[PDB]
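Worksheet for the structure shown next.
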Amino acid sequence: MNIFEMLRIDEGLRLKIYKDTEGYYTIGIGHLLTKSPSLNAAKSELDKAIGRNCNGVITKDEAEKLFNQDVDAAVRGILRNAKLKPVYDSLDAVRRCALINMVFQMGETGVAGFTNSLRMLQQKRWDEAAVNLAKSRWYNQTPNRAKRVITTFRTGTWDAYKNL
């Protein structure tokens with residue numbers, strides 16, 4: 001398993017504009033288009049992102065290209081972030097994937113806000129961090145996905161996804 005397969009499982013693949021769990025306009029493999037309520041504003045962002053008039057619809061190839069950009073940007077963001085980098089550097093390969101997943105879903109800023117959990121992961125207190133991560137809006141809003149990520153940090157294996 002790898003970061004791409006992991007995220008593909010958590011986000012799904014949709015070739016037409018859709019609303020995410022939060023009601024925001026998205027497309028592909030979890031690529032947020034806009035937090036704006038206008039489908040028009042969304043269609044505009046989409047064409048800008050793809051470089052063509054899509055009319056709200058993209059191809060598999062276009063979806064995967066946006067996905068490659070997003071994963072790269074998530075990684076680069078962690079590496080540039082003063083709060084995230086040290087955590088990332090301290091982790092094993094599997095756990096690194098779990099932090100990338102959080103950043104992809106919620107943004108650098110959002111994850112950087114999980115101060116206490118970050119501290120526990122850095123210290124390698126697995127069970128404690130898992131319990132702390134679950135006390136969040138994130139967990140209450142998307143519990144199945146959060147549990148998968150949480151188990152990953154807890155165990156350092158891909159068990160939560162070898163089901164899926």
Side-chain angles (χ1 to χ4, degrees), residues 1-15 18 20-22 24-35 45 49-50 58 60-164:
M1 175 113 328
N2 61 57
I3 190 57
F4 294 90
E5 290 173 7
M6 192 199 200
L7 282 160
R8 169 74 178 66
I9 281 161
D10 285 336
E11 295 291 351
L13 170 60
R14 299 201 224 165
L15 306 178
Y18 72 93
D20 77 1
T21 65
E22 297 289 358
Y24 305 134
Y25 285 125
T26 307
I27 197 149
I29 303 141
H31 181 81
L32 171 74
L33 296 159
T34 180
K35 296 199 193 172
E45 281 299 311
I50 295 307
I58 63 171
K60 199 170 162 153
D61 275 71
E62 284 171 347
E64 272 160 13
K65 172 166 246 183
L66 289 178
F67 189 35
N68 284 148
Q69 296 169 176
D70 296 345
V71 172
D72 190 67
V75 174
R76 285 185 286 85
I78 282 163
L79 302 170
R80 279 191 275 104
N81 191 295
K83 267 108 184 245
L84 299 174
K85 186 185 197 312
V87 183
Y88 190 87
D89 287 343
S90 73
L91 297 169
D92 59 273
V94 179
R95 299 182 168 88
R96 279 179 183 170
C97 286
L99 189 65
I100 297 170
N101 194 304
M102 293 183 68
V103 175
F104 184 96
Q105 192 183 352
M106 82 194 78
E108 213 192 288
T109 307
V111 178
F114 285 56
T115 302
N116 309 315
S117 298
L118 293 184
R119 213 192 60 250
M120 287 171 225
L121 288 163
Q122 225 200 297
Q123 290 164 64
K124 308 198 179 283
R125 298 174 175 228
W126 321 122
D127 283 61
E128 301 93 314
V131 162
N132 189 262
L133 280 160
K135 302 179 159 139
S136 52
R137 179 190 189 266
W138 169 64
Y139 182 82
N140 286 104
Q141 283 327 108
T142 49
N144 291 155
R145 167 177 196 161
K147 270 167 212 166
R148 281 195 292 277
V149 178
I150 288 165
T151 289
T152 305
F153 277 129
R154 212 194 357 119
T155 72
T157 73
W158 290 112
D159 294 343
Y161 290 87
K162 288 168 180 183
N163 264 30
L164 280 22

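Throughout, numbering of the chain's residues begins at 1 and tracks the sequence. Any value given below was found using the heavy atoms of this structure, including those in side chains, with hydrogens, waters and symmetry copies removed.
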Exercise. State, with a plain yes or no, whether a side-chain heavy atom of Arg145 is found less than 4.5 Å away from one of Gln105.
Key: yes

Quiz prompt | Point-to-point distance, once rounded to the nearest 0.5 Å, from CD1 of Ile100 to CD1 of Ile3 | solution = 4.5 Å

Self-check item: Backbone of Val87 reached by a side-chain donor or acceptor of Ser90 within 3.5 Å
Solution: yes

Practice problem: Look at atom NZ of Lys135 and say whether more than 12 heavy atoms of other residues, nucleotides or ligands are closer to it than 6.0 Å. | Solution: no

Quiz prompt | Check against side-chain contact (heavy atoms from CB on, under 4.5 Å), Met102 and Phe153 | solution = CA-CA 11 Å; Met102 293 183 68; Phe153 277 129; 3.6 Å; yes

Quiz item: side-chain contact (heavy atoms from CB on, under 4.5 Å) between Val103 and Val75: does it pass, once the steps are laid out?
Solution: CA-CA 8 Å; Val103 175; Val75 174; over 6 Å; no

Self-check item: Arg148 side chain vs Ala160 backbone, donor-acceptor pair below 3.5 Å
Solution: no

Quiz prompt | Reported CG-to-CD1 distance for the pair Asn101 and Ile9, which is rounded to 0.5 angstrom | solution = 10.0 Å

Quiz item: Taking atom types as modelled and ignoring hydrogens, do the side chains of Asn140 and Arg137 form a donor-acceptor contact shorter than 3.5 angstrom?
Solution: no

Exercise. Decide yes or no on side-chain contact (heavy atoms from CB on, under 4.5 Å) for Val149 and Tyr161, but give the supporting numbers first.
Key: CA-CA 9 Å; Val149 178; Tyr161 290 87; 3.7 Å; yes

Quiz item: Can you name the residues that form a ring pair (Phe, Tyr, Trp, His ring centres under 6.0 Å) with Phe4, not counting sequence neighbours?
Solution: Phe67

Self-check item: Donor-acceptor under 3.5 Å (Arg154 side chain, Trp126 main chain)
Solution: no

Quiz item: Atom CZ of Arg96 and atom CD1 of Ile78: how far apart are they, to the nearest 0.5 Å?
Solution: 10.0 Å

Self-check item: Residue pair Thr109 / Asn81, side-chain heavy-atom distance below 4.5 Å
Solution: no

Quiz item: Does CZ in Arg125 sit with more than 12 non-hydrogen atoms of other residues, nucleotides or ligands closer than 6.0 Å?
Solution: no

Exercise. Just jot down the side chain to side chain contact (heavy atoms under 4.5 Å, CB included) partners of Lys65, sequence neighbours excluded, or say none.
Key: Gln69

Self-check item: Result of checking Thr151, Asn2, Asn163, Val94 against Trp158 for side chain to side chain contact (heavy atoms under 4.5 Å, CB included)
Solution: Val94

Quiz item: Would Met6 and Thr152 satisfy side-chain contact (heavy atoms from CB on, under 4.5 Å), going step by step from the backbone distance to the final call?
Solution: CA-CA 11 Å; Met6 192 199 200; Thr152 305; 4.2 Å; yes

